[PDB]
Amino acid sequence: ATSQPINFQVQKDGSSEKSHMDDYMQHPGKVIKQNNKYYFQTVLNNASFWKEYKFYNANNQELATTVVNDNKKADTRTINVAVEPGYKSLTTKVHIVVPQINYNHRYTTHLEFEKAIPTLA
């Protein structure tokens, strides 16, 4: 396995402004290459709030996500999002539910990588 840190910023639909969703993901992220796949690995803060999350490439096909750890006490979740070299921008569609404030909303954002996903060894 080969891995390296990658900077990213979740941005509002239709804007380069920082999205509220960015505030619920740890920075930096990670790109991992393994047998023969690439993953953007990221940590969701307050994972209990993320009722649904889907990711898409710029050409609008859904990217497979997997759960690498689920940490119930810290309320975090580490996930892998299948990516390819060259990917610059992911579209995300999320369903966020915060029961204690009667909050139930759905959103679209775009997750912007600082540099395109690199080719790795």
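Note that residue numbering follows the sequence shown and begins at 1.
Enquirer: For the higher mean C-alpha B factor in the entry, choose 66-74 or 42-50.
Expert: Taking the mean B-factor of the alpha carbons in each, 66-74 is higher.
Enquirer: Per the entry, which of 92, 26, 80, 35 tops the list for Cα B factor?
Expert: In this record, 35 carries the highest C-alpha B-factor of the candidates.
Enquirer: Just say lowest, middle or highest third for the CA B-factor of residue 31 relative to the other modelled residues in its chain.
Expert: Answer is middle: the recorded C-alpha B-factor places it there.
Enquirer: With respect to C-alpha B-factor, does residue 13 fall in the lowest, middle or highest third of the chain as deposited?
Expert: Tercile = middle for this residue's CA B-factor.
Enquirer: According to the PDB entry, is the CA B factor of residue 102 in the bottom, middle or top third of its chain, that is, lowest, middle or highest?
Expert: According to the entry, residue 102 has a C-alpha B-factor in the chain's middle third.
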